[PDB]
Every structure is written in structure tokens, then in C-alpha cells.
């Protein structure tokens, strides 16, 4: 499906912070909470891809883009962050803040 790919692309391209998630997903909730703790709400979009008729197509495309089909899948300014654990590594090692600083999202 070109349609599914274009829809996913629009989510990633029209939101600086794009998170693909599913219902009742503890590591989705943790990742989203970390990002909101940086006061990123205004530039964040969370898409629940389980509440979607094309979940499998979306997951397969997310795997083409990132190497994994699992949620959460996290993009920052179209760059692949990855999953919650990737976000935690970046956060703890200062890479996340650096990322956000270059975008003007944190001082």
C-alpha cells in the first residue's frame, strides 16, 4: 500500500516528535511520559496503530524504516530514535537533550 506509507509519512513529517503506540502498552506510556517531561507536548503526536484496520501494514512499514515492528516507535525530526529503550539510553547519556537543543525545543 502506497496509501499506508503516505499516511505514516505524513505523521512523521508533520510532527517533530512522532510516536507510534498501541493500547495498554507500558513502554509506550513510559516513552511518551519521558518526552512530555521535556515539555514537548506541543510538538508531539501519538498515533495508536492498534486502533487501525491496517496495523500490520503500519508495523511492517515501521520495520522497513527502523528495523523493528514493535511499538513504541519514535521519530524526532524524521530521525529514527527507535523504541523506549533507545530513548532511555539517549536520555541518560545526554543525546536526547542534545537532539532537542538543536531543534530549539529545550533551552
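Numbering follows the first chain given and starts at 1.
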- Look up the CA B-factors in the entry and say which stretch, 10-18 or 95-103, has the higher mean. 95-103
- Message: Ranking every modelled residue in this chain by its Cα temperature factor as given in the entry, which third contains residue 39?
- Response: highest
- Message: Please say which third, lowest, middle or highest, residue 68 falls into when its CA temperature factor is compared across its chain.
- Response: lowest
- Can you work out whether the C-alpha temperature factor of residue 53 puts it in the lowest, middle or highest third of the chain? highest
- Query: Once the chain's modelled residues are ordered by C-alpha B factor and cut into thirds, is residue 90 in the lowest, middle or highest one?
  - Reply: middle
